[PDB]
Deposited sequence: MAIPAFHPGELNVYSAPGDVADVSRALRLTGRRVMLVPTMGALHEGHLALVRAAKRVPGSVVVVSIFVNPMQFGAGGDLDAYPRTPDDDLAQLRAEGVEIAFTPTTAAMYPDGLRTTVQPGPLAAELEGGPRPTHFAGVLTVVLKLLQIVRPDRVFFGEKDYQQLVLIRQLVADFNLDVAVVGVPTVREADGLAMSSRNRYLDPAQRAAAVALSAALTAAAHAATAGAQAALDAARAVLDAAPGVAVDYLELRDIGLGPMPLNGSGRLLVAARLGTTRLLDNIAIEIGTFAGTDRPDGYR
């Protein structure tokens, strides 16, 4: 028997087998299954992931809420957007044999964010793989804010021959350009004001780039240097797959910085 599912309502499932069965049944009825993986505390960046998923014709949207080891609020937000499935497993349900077979990323995981957090991406890719196998979506949606993460997921998909489409959704930003993040609330007024330097550096670089890569890097560095209390961890221009930047062509510029105790990240498309 398929678990109960009411079209056009929010249906909540905490058991991996239940969401798996419902998803399978829905695919067999027409629908194109979309997955938006989250850690809850839904914000406007997640709204953008959900909206992108909703507009695929014949979509049913699954939003997972899972913290790797309000809910009331999150669920009402999903209802308001017309999401039909929430998948809300316990740690036990995801890891019933505990930590055992895992995903080992390629060497990109050791670079950039992998310096301060050398095992973080192993966890991310392990959980993303599991969610993909459980839900079996046609398309999975991620923000571009965590660009290295996104690139690693694309590697996962290519490397293990997964049959899902990975969709990256442009970063949602505050009115001054600060990339949305659960961390922004912690900034005091001076830090919040300084934090605009990250996005201003990157947008300056993207426009400076007609004058070449060095001009782009030097423009972003100059903007970051205008900001007090912004400790830059890295500022790197790479190809779009995060290898070495080619002489000209498309790239990505990534920054990370610490403001007081808070780490912020941002990145942007660059054309040289």
Worksheet, complete the sentence: Stretches of deposited sequence not represented by any CA atom are 1, 71-84, 288-300
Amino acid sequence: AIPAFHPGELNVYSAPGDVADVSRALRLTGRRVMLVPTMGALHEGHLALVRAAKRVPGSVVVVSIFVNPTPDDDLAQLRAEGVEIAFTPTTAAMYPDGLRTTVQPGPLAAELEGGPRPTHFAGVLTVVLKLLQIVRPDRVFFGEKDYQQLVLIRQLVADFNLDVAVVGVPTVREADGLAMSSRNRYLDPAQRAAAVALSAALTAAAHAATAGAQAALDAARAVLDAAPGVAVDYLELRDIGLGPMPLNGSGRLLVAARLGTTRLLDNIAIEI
From here on, numbers count along this sequence of modelled residues.
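Rigid core (definition): largest C-alpha set, two forms, superposition within 1.5 Å.
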Response to the item:
Returned stretch for higher CA RMS in 8 other deposited structures of this protein, core superposition, given 84-92 and 184-192, is 184-192
Discussion item. Root mean square C-alpha distance from this form after a core fit in 8 other deposited structures of this protein: higher for 242-250 or for 55-63?
Written reply: 242-250
Item to complete: Look up the CA B-factors in the entry and say which stretch, 96-104 or 122-130, has the higher mean.
Response: 96-104
Discussion item. Tell me which stretch, 152-160 or 71-79, has the higher mean Cα B-factor listed in the entry.
Written reply: 71-79
Worksheet entry | Residue with maximal Cα B-factor (values as given in the PDB entry) among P228, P244, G212, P37 | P244
Worksheet item: Checking the entry, which one of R136, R173, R183, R192 has the top C-alpha B factor?
Response: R183
Practice prompt. Tell me, lowest, middle or highest third: where does the Cα B factor of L187 rank within its chain?
Written response: highest
Item to complete: Please place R55 in the lowest, middle or highest third of its chain by C-alpha B factor as given in the entry.
Response: highest
Worksheet item: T91: which third of its chain by C-alpha temperature factor?
Response: highest
Response to the item:
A41: CA B-factor among chain residues, third -> highest
Discussion item. Is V63 in the lowest, middle or highest third of its chain when residues are ranked by C-alpha B-factor?
Written reply: lowest
